[PDB]
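Peer 1: After the structure tokens below, expect a handful of questions from me.
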Amino acid sequence: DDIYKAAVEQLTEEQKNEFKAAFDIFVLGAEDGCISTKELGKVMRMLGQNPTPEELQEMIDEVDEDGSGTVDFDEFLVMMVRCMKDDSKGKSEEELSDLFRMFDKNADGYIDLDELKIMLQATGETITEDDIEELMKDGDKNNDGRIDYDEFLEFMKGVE
Amino acid sequence: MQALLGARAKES
Amino acid sequence: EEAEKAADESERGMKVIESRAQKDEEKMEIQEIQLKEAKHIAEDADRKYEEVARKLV
Amino acid sequence: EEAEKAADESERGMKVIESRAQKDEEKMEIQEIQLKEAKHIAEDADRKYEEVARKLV
Numbered sequence: 002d003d004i005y006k007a008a009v010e011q012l013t014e015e016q017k018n019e020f021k022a023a024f025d026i027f028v029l030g031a032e033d034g035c036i037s038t039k040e041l042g043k044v045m046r047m048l049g050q051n052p053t054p055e056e057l058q059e060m061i062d063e064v065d066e067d068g069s070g071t072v073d074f075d076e077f078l079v080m081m082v083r084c085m086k087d088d089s090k091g092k093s094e095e096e097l098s099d100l101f102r103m104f105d106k107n108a109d110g111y112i113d114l115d116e117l118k119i120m121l122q123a124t125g126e127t128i129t130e131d132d133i134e135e136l137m138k139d140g141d142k143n144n145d146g147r148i149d150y151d152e153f154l155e156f157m158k159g160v161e
Numbered sequence: 155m156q157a158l159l160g161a162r163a164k165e166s
Numbered sequence: 114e115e116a117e118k119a120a121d122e123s124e125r126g127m128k129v130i131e132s133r134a135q136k137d138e139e140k141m142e143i144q145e146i147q148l149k150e151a152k153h154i155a156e157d158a159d160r161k162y163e164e165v166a167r168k169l170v
Numbered sequence: 114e115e116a117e118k119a120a121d122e123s124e125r126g127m128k129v130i131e132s133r134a135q136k137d138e139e140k141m142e143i144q145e146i147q148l149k150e151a152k153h154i155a156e157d158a159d160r161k162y163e164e165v166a167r168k169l170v
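Chains as they are written, first to last, in the entry's author numbering: chain c, 2 to 161; chain b, 155 to 166; chain P, 114 to 170; chain Q, 114 to 170.
What follows is the structure, encoded as structure tokens:
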């Protein structure tokens, strides 16, 4: 949602309206309340795009923690956005080593959620806490309560 | 976008 | 008379074809809906395979 | 002209629905073949499930 809600912030009302209707007819031949392969393919072969039932349902699995289970209007649109050339690819690992390192205020190579949340206080803006512990888990896939550089990487996904 | 949206594509 | 026979053959044809088109359209949708399900069974078949294969691992 | 037009228009009707039957026929064959394969994949995946389930044992 983080990436996703932050995204819906940008594009305006009319973008929202056009893809709502684009779903209202993306169900012109719908499948599952979500969109299983028939409408997806329908709309695509109307032009020629290539989503496959398998990876359809998989990128769904990547996202259907909501309980869409298959390509809902949400997945229809995340597919939509999964194509437009806008941005990706990860502020420098050298940069990121620095960024870890300042998370590694301690000058160690291992960071608990404490000086990390203190980096966050150093960010100051309205601090969420759920997402703080979530980010602890993101990083500490090592799960050692303290976080290394690549854990920090696992902790700062999709970030500028 | 063009070939199947035409001049209707202005803001959205 | 031949044009009427043709009206009947092109109309019967249209109806035979509409019937065939409908049979093929239903088979298309039936196979498409069932394809999505067959794919979902493959996903599930591969999914159960992975759960058991992963247990094997 | 009316009879021939009925034949011509019904024939055009037929051409569109025959083309539709052809599109639906091709698509149902495609979906059927794909179903057979998705199902064969599922069956293969189920066979693998069993190969791995017995090998899991």
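Note that CB positions come from ideal geometry on N, CA and C, so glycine has one too.
Assess contact between the segment 148-157 of chain Q and the segment 150-168 of chain P, defined as three or more Cβ pairs (one per stretch) separated by less than 8 Å. Is contact present?
Peer 2: yes
Peer 1: Would you mind stating whether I148 of chain c and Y111 of chain c have Cβ atoms separated by less than 8 Å?
Peer 2: Looking up residue 148 of chain c in the first sequence gives position 147. Looking up residue 111 of chain c in the first sequence gives position 110. Yes, they are a contact pair.
Peer 1: Tell me, which residues are paired with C35 of chain c by DSSP?
Peer 2: Walking along the first sequence from the start, residue 35 of chain c turns up at place 34. Answer is c:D33.
Peer 1: On the CB-based measure, 16 or more other CB atoms within 10 Å of its CB, does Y150 of chain c come out buried or exposed?
Peer 2: For the purposes of this step, residue 150 of chain c is taken as residue 149 along the first sequence, with counting starting at 1. It counts as buried.
Peer 1: Is the shortest distance between the beta-carbon of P52 of chain c and the beta-carbons of chain P less than 8 Å?
Peer 2: Numbered from 1 along the first sequence, position 51 holds the residue referred to as residue 52 of chain c. It does not: the Cβ of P52 of chain c has no partner Cβ on chain P nearer than 8 Å.
Peer 1: Counting Cβ pairs, one atom from each stretch, are 3 or more of them under 8 Å apart for the segment 66-79 of chain c and the segment 97-109 of chain c?
Peer 2: no
Peer 1: Give a yes or no on whether the C-beta atoms belonging to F20 of chain c and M85 of chain c are separated by under 8 Å.
Peer 2: Here the question's residue 20 of chain c lines up with position 19 in the first sequence. Here the question's residue 85 of chain c lines up with position 84 in the first sequence. Going by C-beta atoms, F20 of chain c is not nearer than 8 Å to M85 of chain c.
Peer 1: According to DSSP, is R83 of chain c helix, strand or coil?
Peer 2: Taking the first residue of the first sequence as position 1, residue 83 of chain c is located at position 82. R83 of chain c falls in the coil class under three-state DSSP.
Peer 1: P54 of chain c lies in the alpha helix (DSSP H); which residues open and close that run?
Peer 2: By one-based count along the first sequence, residue 54 of chain c stands at place 53. Where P54 of chain c is concerned, the enclosing alpha helix (DSSP H) stretches over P54 to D62.
Peer 1: Excluding the five sequence neighbours on either side, which residues of its own chain have a C-beta within less than 7 Å of the C-beta of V44 of chain c, listed in chain order?
Peer 2: Taking the first residue of the first sequence as 1, we reach residue 44 of chain c at position 43. Closer than 7 Å at the Cβ level, and outside the excluded window around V44 of chain c, lie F27.
Peer 1: Tell me where the alpha helix (DSSP H) around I154 of chain Q begins and ends.
Peer 2: Locating residue 154 of chain Q in the fourth sequence gives position 41, counting from the first residue. Per DSSP, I154 of chain Q belongs to the alpha helix (DSSP H) from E115 to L169.
Peer 1: Listed from N- to C-terminal order along the chain, which residues in the segment 9-29 of chain c have their beta-carbon within a distance smaller than 9 Å of any beta-carbon of chain b?
Peer 2: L12, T13, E14, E15, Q16, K17, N18, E19 and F20
Peer 1: Look at the alpha carbon of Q16 of chain c and the alpha carbon of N51 of chain c, and state the distance between them as a whole number of angstroms.
Peer 2: Against the first sequence, residue 16 of chain c aligns to sequence position 15. Against the first sequence, residue 51 of chain c aligns to sequence position 50. Distance between the alpha carbons of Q16 of chain c and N51 of chain c: 23 Å.
Peer 1: With 8 Å as the threshold, decide whether the Cβ of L48 of chain c is near any Cβ in chain b.
Peer 2: Reading the first sequence from its first residue, position 47 is the one you call residue 48 of chain c. Put simply, the CB of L48 of chain c is near chain b, with a gap under 8 Å to one of its CB atoms.
Peer 1: Since I believe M137 of chain c is in contact with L114 of chain c (beta carbons under 8 Å), could you give me their beta-carbon distance rounded to a whole number of angstroms?
Peer 2: Stepping through the first sequence from its first residue, residue 114 of chain c is reached at position 113. Stepping through the first sequence from its first residue, residue 137 of chain c is reached at position 136. About 4 Å; that satisfies the 8 Å criterion.
Peer 1: Just the Cα atoms here: how many angstroms apart are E55 of chain c and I130 of chain P?
Peer 2: For the purposes of this step, residue 55 of chain c is identified with residue 54 of the first sequence, where counting begins at 1. For the purposes of this step, residue 130 of chain P is identified with residue 17 of the third sequence, where counting begins at 1. Distance from the CA of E55 of chain c to the CA of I130 of chain P, rounded to the nearest whole angstrom, comes to 34 Å.
Peer 1: In this structure, does DSSP put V9 of chain c in helix, strand or coil?
Peer 2: Residue mapping note: residue 9 of chain c aligns to position 8 of the first sequence, counting from 1. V9 of chain c falls in the helix class under three-state DSSP.
Peer 1: In terms of residues, what are the limits of the alpha helix (DSSP H) holding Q122 of chain c?
Peer 2: Here residue 122 of chain c is taken as the residue at index 121 of the first sequence, counted from 1. Note, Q122 of chain c: alpha helix (DSSP H), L114 to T124.
Peer 1: Measuring straight from C-alpha to C-alpha, what distance separates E161 of chain c and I133 of chain c?
Peer 2: Position 160 of the first sequence, counted from the first residue, corresponds to residue 161 of chain c. Position 132 of the first sequence, counted from the first residue, corresponds to residue 133 of chain c. If I take the Cα positions, the gap works out to 17 Å.
Peer 1: Would you please state the rounded distance, in angstroms, between the beta carbons of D131 of chain c and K158 of chain c? I believe it to be under 8 Å.
Peer 2: Here residue 131 of chain c is taken as the residue at index 130 of the first sequence, counted from 1. Here residue 158 of chain c is taken as the residue at index 157 of the first sequence, counted from 1. At roughly 16 Å, the Cβ-Cβ gap does not stay under 8 Å, so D131 of chain c and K158 of chain c are not in contact.
Peer 1: For the alpha helix (DSSP H) that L97 of chain c lies in, which residues bound it at each end?
Peer 2: By 1-based counting over the first sequence, the position of residue 97 of chain c is 96. It spans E94 to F104 - the alpha helix (DSSP H) in which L97 of chain c sits, taken as one unbroken run.
Peer 1: Can you tell me whether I133 of chain c is helix, strand or coil according to DSSP?
Peer 2: In the first sequence, residue 133 of chain c corresponds to position 132, counting from 1. DSSP places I133 of chain c within a helical segment (H, G or I) once states are collapsed to three.
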